[PDB]
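The chain contents come next:
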Amino acid sequence: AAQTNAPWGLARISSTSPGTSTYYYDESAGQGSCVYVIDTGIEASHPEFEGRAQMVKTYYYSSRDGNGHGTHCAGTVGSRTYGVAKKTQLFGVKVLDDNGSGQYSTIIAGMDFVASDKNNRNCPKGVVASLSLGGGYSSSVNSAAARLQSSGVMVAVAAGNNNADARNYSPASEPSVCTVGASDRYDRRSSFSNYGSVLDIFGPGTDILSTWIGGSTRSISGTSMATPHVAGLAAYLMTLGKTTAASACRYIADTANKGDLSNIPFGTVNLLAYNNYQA
Ligand SMILES: [Ca+2]
Ligand SMILES: [Ca+2]
């Protein structure tokens, strides 16, 4: 399949060179896989989700997304126009309030919930969890992310937007998950993106167009935008049978575009997510 005039992030992950505008992908498009979006919620009624998204858990008064952050990330995962895996199933877990904040104890409970909730969902091709959040270092938050990964879920987390080493931020500093940095359309490291040895992969993160609340769209930037690219790619590869939840992060790094990025400090991987699609 080919999506012409696609968002630059989608075209980048289906090309070995920057500057293209077509997203090449296999028609399976992640059908049979499931992706939990642990964020501010999802506006599941948005036409771009085609009825494939639903809220399953909230830790506040409502399950509605009153911020837009979670709706934006979920659209990058699997919306029709702006998504990597255009046929996956989306589940929303609202651990952040409508201001974009949340306590660590609530974020931990959300991860434990996903580990248990997947056992009563029909996801024959596997389960992915996308965490576009984080804060200061916390061993308890790292441990919860390691538990979710150990339970059989491919966990992708944002590296952070501090332009610093991600080793002082959680859950980005947990080695067993997949920590995602951000890049721009010129194959440069995003000026805000964290770095360090704990990073596993880079994804498109600057000026990312996706869905928004009120049935609209808008373009925002952050490592919170790069993570759903990797989460969507994992569901796309797992549906194709290329990898499993336990080894998806390693397979993505093994098959990524290598050396294409600039302004990468020494000690940080120079790897860019890539789907290796050949018609
Ligand atoms: Ca290249
Ligand atoms: Ca890792």
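Rules behind the numbers
- Along each chain, numbering proceeds from 1 in written sequence order. Entry numbering may differ, and residues lacking coordinates are not shown.
- Each chain is given a letter, starting from A, and each ligand a number, starting from 1, according to the order in which they appear as written.
- Side-chain measures here rest on the full set of heavy atoms in the structure, leaving out hydrogens and waters.
- Residues with missing side-chain atoms are left out of burial classes, side-chain pairs and their counts.
- Counted as coordinating are nitrogen, oxygen and sulfur atoms within 2.8 Å of the metal, or 3.2 Å for Na, K and Ca, while water is not included, which may make sites look incomplete.
- Secondary structure follows DSSP: runs of H or I at least 4 residues long count as helices, runs of E at least 2 residues long count as strands, and numbering of each begins at the N terminus.
- Here, a salt bridge means any side-chain nitrogen of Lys or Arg that lies within 4 Å of a carboxyl oxygen of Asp or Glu.
- Only the stretch in contact is used when a helix axis is fitted, and all axes are lines through C-alpha atoms; the angle between N-to-C directions ranges over 0 to 180 degrees.
- The hand of a helix crossing depends on one turn: near helix anticlockwise from the far one by less than a right angle means left-handed, and clockwise means right-handed.
- Throughout, a residue-residue contact means that at least one pair of heavy atoms, one from each residue, lies within 4.5 Å.
- Three classes are used, and their members are as follows: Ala, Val, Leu, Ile, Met, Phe, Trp, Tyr, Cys and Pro are nonpolar, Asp, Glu, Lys and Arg are charged, and the others, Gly among them, are polar.

In terms of determination method and resolution, the entry is listed under X-ray crystallography at 2.00 Å.

**What about the coordination of the calcium ion (ligand 2)?**
Reference values for angles at a metal are 109.5 degrees in the four-donor tetrahedral case and 90 or 180 degrees in the six-donor octahedral case. Those protein atoms acting as donors to the calcium ion (ligand 2) are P175 (O), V177 (O), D200 (OD) and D200 (OD), and they sit at 2.4 to 2.6 Å. Sequence spacing among the residues donating to the calcium ion (ligand 2) works out to P-x1-V-x22-D. Separated by 23 residues along the polypeptide, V177 in the loop between strand 9 (169–170) and strand 10 (178–183) and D200 in the loop between strand 10 and strand 11 (201–204) bring together distant segments of the chain.

**Description of the pattern of salt bridges**
Taken as a whole, this structure holds nine salt bridges when the rule is applied. The partner of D260 in a salt bridge is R12, and the shortest N-O contact between them spans 3.5 Å. Here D260, found in the loop between strand 14 (257–258) and strand 15 (271–272), pairs with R12, found in helix 1 (residues 8–13); they are 248 residues apart in sequence, far enough to count as distant. A cluster of three or more residues bridged by salt bridges with shared partners is formed by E48, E50, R52 and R80.

**Observations concerning the packing of helix 2 (residues 69–78) against helix 5 (residues 223–240)**
The interhelical angle for the contact between helix 2 and helix 5, taken along N-to-C directions, is 35°, at an axis separation of 8 Å. Helix-helix and strand crossings are classified by hand; for helix 2 and helix 5 the assignment is right-handed. Mapping the contact onto sequence places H69, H72, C73, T76 and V77 in helix 2 and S224, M225, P228, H229 and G232 in helix 5. Taken together, the residues that form the contact of helix 2 with helix 5 break down as four nonpolar, six polar and no charged.

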